[PDB]
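Colleague: This structure is in structure tokens; I'll ask about it shortly.
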């Protein structure tokens, strides 16, 4: 059906652009990571986006084969955890970057005397650690079933008739993955614009464009994935609404993936002399 | 005190205007001969073999 | 492949590199200011108030300042002015109590025109395209005392005004500020100071805070 | 007055006599003599080593007599001694004043000299029992900034400053033995002869002068430029020198015949000239320009033979080893480069 | 058992 | 410049002490440090080595795993820790400084010694054991190795030092061709490959003693038997 074709074409476009974009960004950032502190913020984000993009054809073939898993049992229990880890790290890195800019604008004196390069590495490590702590539930509760009807095999989640654990995990993921980063991002940027446009010397029109682009892209392209996920989590495995939502899973997955393509473009476009920095290395 | 400065300048001109000179051809030939004689030991002019280059990588 | 001494030499090189990097991260903790003037423009009073080449260090509200005075050079300016290419700000001094005085070398040119020429040279330089300038106008009490005895038409024969203190000060400030030719990349701050004040450090602190915030915005690509 | 006018007329007629004498001795130009010689082919040089550790602009660099060690000066407050073969560091000397424009290496290898924007020249001793580099002598007798310094031996030094005067010093005592005067503007560069009996100096009034170290007065003067003079250096023979200005032009002068021989200029170059040096045989002339790249000229044919373009900012210092094997270049991008 | 595919 | 060490007393076959040396007169933080042991009425051998920055520490095979080395830069003091002393570890110990860069002269200062009493590898061979001499004539001594000391970089690592009766060793020639500081120009060195020679042109009353040759290609550092020169 139409959702399958739309998801496939979106996946192809996102892969084709994002692989090259993230490779270029990480190559440019690697050379400058030693001198500038701003580079090592985007280095981790580029690495995470690159790893996320490399995992696209695993889903691309799985869509074609009508949800068939030829990899095996251990791969079914290892791979999805890592592919989710990449997304969560990518979200937390953007949240941390916004917090870093907010702390640069306010309290300017403190960030001059007592800010270096180790703090950014510590923050990135903390972001990855929270991503791992959030992705560990997927390790435990993933099992496989074989169909002794005409041969299929399926990866899914079985809670052994324990709805409370499933609902609690869904609530924790929803709260710690969508609402908190959005709130922090929006508050930080609105304060940034207010304080920046307060005075004449710091007033410019580029901050508004960058902020609006980032926030609008994040919200618009991450809302459907989360809402469909939570709706599917609350429902029982046998319902017509469950089937209808199953008809639209891959569209939501691709619509969430497009953010990995969108993110690295802003750094190149809104950067000062990126062409010269590339020519240097 | 301007007269003293002018006297110093004219005395300097006296001292600088009484030296011997040669033709341009002689100086040009001397420079060319020096370059021709010493061209044999100029590593920058003709590349040296890579075996005896201390700055080889 | 290396000898028993080459390894120690390379270890020494690593230690020197580590020390160099450690020492280089402490020089960026410092805010650099360059001071210019015209000799009798009230340089010494601000040097003693806000505390070949003279270097001064002072701290204010956890901010460390490094002030360079190069008024004792007496050489050609365009052969050593590119050294201060990346300074945070330039502190300029003009004595506006010298509109009537004349230069010692020539009786036709006055000191105010010389200060204006030097300010025009510094402001529109190619090495200071995006460098902030803090303009101090000195000796206002003597100016207000002198303005009643003698008119200000000698310095500006194209001026028609009330011949009072406020109008004269505003006219001088406007005439100085029209010398800028960028008006978008560069910002100019003007302030009136006398012999006894207590607020100059706050003025320079606010200016350097604005400059620091602008630089931080520009570094991240958010400006 | 009348005496002033008559003395000015006398000076003018001496100038006319000198011009006539110079014009009389010019029989031919260098172009006709060098027409038949075989041109030097296009020269390719590649970066063999790269040097990292400077965190500011690099202004001075001087080789040693063993053709393996060199010294670099920057406004980060550091003077660094390198080892070109293995790209190591031997010494890093902190400086009291961070505004440096020159540095010099003693021929023996025991001392190093530096100074700038402080009117003081400092001497540093390398070979010490205690194991560290210490100050040995500070020379403070100038009025303007120092532009260049060079060693005659381990107990003599010559300095040029912006106070229009040059000086000869004595390290063990610390007093000016001789003072050379006669220019009109700032003095930027000086070059010593290999035989150490004379030295040349260029000034910002578009004039170069020759001086005798022992007796102590000017011998000859040369003019012909249109702007400031930035770099000067002696030919290996010692009977010629080449100078560079701020108007995108180099010229070659001789000492026995007080005349200008050849000029190096190109229409595509509208920038300044910072440093000039020769090769060991005197066939190549290396120049550093403001357009971020260095050029090599044929010293006898005035034909461009190659461009060294590997820097991102202005080239500030250039040097050639005594053995004639490598070229060292510096820039405002805080990187040194050896080309071969 | 839930048919949740790769990703969610 | 001086190095004073102490802490050497009598021990039982089972026990422990520790030795300590204090520097005064130079920059301690830029010098690597050594230890050299000399048996009574015998030769001298190497013990351990510590580098600047406390990054590289080398021990000897004979005493590996039993002694400890430690360095304190702010207080300018070097230690050595004994755990269980056998009967062969009765000797006199020396402390040596060394710095390594282009043109350096390692093993320059040797200090004094302290006494401790209890109750593959390149070998240096010097065939000669005693030579009578009359002042005013030339002397030549030879030292032989088991492998070529010439390394591809051009350096040849041989060191010559002298020991007067009742004194500490002093460096004479390093890298078998360069003359140290503070010594007369009488001494000279030469050699090639496996065999090397040291020559004294004019002999005086201060040249009596025992001479040694030392190698530095790879650890451990091996000394040769002394070549006594009696009057």
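Numbering, chain A: per Swiss-Prot, residues 34-314 in sequence.
Structure determined by electron microscopy, 2.9 Å.
From the backbone N, Cα and C atoms, a Cβ is placed for every residue, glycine too.
According to Swiss-Prot, the protein has these features:
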type	residues	note
DISULFID	A:109-A:188	disulfide bond
MOD_RES	A:314	phosphoserine
TOPO_DOM	A:65-69	topological domain 'Cytoplasmic'
TOPO_DOM	A:94-110	topological domain 'Extracellular'
TOPO_DOM	A:133-153	topological domain 'Cytoplasmic'
TOPO_DOM	A:175-200	topological domain 'Extracellular'
TOPO_DOM	A:227-242	topological domain 'Cytoplasmic'
TOPO_DOM	A:266-282	topological domain 'Extracellular'
TRANSMEM	A:38-64	transmembrane segment
TRANSMEM	A:70-93	transmembrane segment
TRANSMEM	A:111-132	transmembrane segment
TRANSMEM	A:154-174	transmembrane segment
TRANSMEM	A:201-226	transmembrane segment
TRANSMEM	A:243-265	transmembrane segment
TRANSMEM	A:283-303	transmembrane segment
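Tell me about the setting of these features in this model.
Modeller: Packing around residue A:188 (disulfide bond) is summarised by its Cβ count: 25 other Cβ atoms lie within 10 angstroms of its Cβ, all protein chains included.
Residue A:314 (phosphoserine) falls within neither a helix nor a strand when secondary structure is assigned with DSSP, and so counts as coil.
Under DSSP, residues within the topological domain 'Cytoplasmic' (A:65-69) fall into helix, strand and coil as 1 helix, 0 strand, 4 coil.
Remote same-chain partners of the topological domain 'Cytoplasmic' (A:133-153), defined as residues 6 or more beyond its termini with a Cβ less than 8 Å from a stretch Cβ, comprise 70, 73-74, 221-222, 224-225, 228-229.
Residues 138-139, 303 of the same chain lie 6+ residues outside the topological domain 'Cytoplasmic' (A:227-242) yet bring a C-beta within less than 8 angstroms of a C-beta in it.
Counting residues per DSSP class in helix, strand and coil order gives 10 helix, 0 strand, 7 coil for the topological domain 'Extracellular' (A:266-282).
For the transmembrane segment (A:38-64), the residues of the chain that approach it from at least six positions outside its boundaries are 72-73, 75-76, 79-80, 82-83, 86-87, 89-90, 92-93, 96-97, 283-284, 286-288, 290-291, 293-294, 297-298, 300-301, 307, 310-311, 313-314, judged by C-beta separation under 8 angstroms.
Within the chain, the transmembrane segment (A:70-93) has long-range Cβ neighbours (under 8 A, six or more residues past its boundaries) at 41, 44-45, 47-48, 51-52, 55-56, 58-59, 62-63, 112, 115-116, 119-120, 122-123, 126-127, 129-130, 133, 148-150, 153-154, 157, 160-161, 283, 286, 290, 293, 296-297, 300.
For the transmembrane segment (A:111-132), same-chain residues at least 6 beyond its ends with a Cβ under 8 Å from one of its own Cβ atoms are 74-75, 77-78, 81-82, 84-85, 88, 91, 104, 156-157, 160-161, 163-165, 167-169, 171-172, 175, 188, 210, 213-214, 217-218, 221-222, 247, 251, 289, 292-293, 296.
Residues of the same chain lying 6 or more positions beyond the ends of the transmembrane segment (A:154-174) and with a Cβ under 8 Å from any Cβ of it are 73-74, 77, 110, 113-115, 117-118, 121-122, 125-126, 128-129, 133, 190-192, 202, 205-206, 209-210.
Here the transmembrane segment (A:201-226) has Cβ contacts under 8 Å with residues 121, 124-125, 127-128, 131-132, 134-135, 138-139, 163, 167, 170, 240-241, 244, 247-248, 251-252, 255, 259, 262-263, 266-267 of the same chain, all six or more residues outside its ends.
Remote same-chain partners of the transmembrane segment (A:243-265), defined as residues 6 or more beyond its termini with a Cβ less than 8 Å from a stretch Cβ, comprise 127, 203, 207, 210-211, 214-215, 218-219, 222, 225-226, 275, 278-279, 281-282, 285-286, 288-289, 291-292, 295, 299, 303.
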Colleague: Between the Cα atoms of residue A:109 (disulfide bond) and residue A:314 (phosphoserine), what distance do you get, rounded to the nearest Å?
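Modeller: That comes out at 40 Å between the alpha carbons.
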Colleague: How many Å lie between the Cα of residue A:188 (disulfide bond) and the Cα of residue A:314 (phosphoserine)?
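Modeller: Rounded to a whole number, the Cα-Cα distance is 45 Å.
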Colleague: Cβ under 8 Å, sequence separation of at least 6 from the ends of the topological domain 'Extracellular' (A:175-200): give me the contacting residues as numbers and ranges.
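Modeller: Sequence-distant neighbours of the topological domain 'Extracellular' (A:175-200): 99-103, 106, 109-110, 113-114, 266-267.
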Colleague: Near the topological domain 'Cytoplasmic' (A:65-69), which same-chain residues lie under 8 Å Cβ to Cβ, leaving out any that are not at least 6 residues past its ends?
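Modeller: Hits for the topological domain 'Cytoplasmic' (A:65-69): 76, 310, 314.
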Colleague: Looking only at A:109, A:314, which of these recorded positions has the biggest number of Cβ atoms within 10 Å around its Cβ?
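Modeller: Counting Cβ neighbours within 10 Å, the top one is A:109.
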Colleague: For the topological domain 'Extracellular' (A:266-282), could you work out the same-chain residues 6 or more beyond its ends whose Cβ comes under 8 Å from its Cβ atoms?
Modeller: 34, 36, 199-200, 203
Colleague: Other than its close neighbours in sequence, what residues sit by the topological domain 'Extracellular' (A:94-110), given a CB gap under 8 Å and a spacing of at least six beyond its ends?
Modeller: 37, 40-41, 44, 172, 175, 177, 185-188, 283
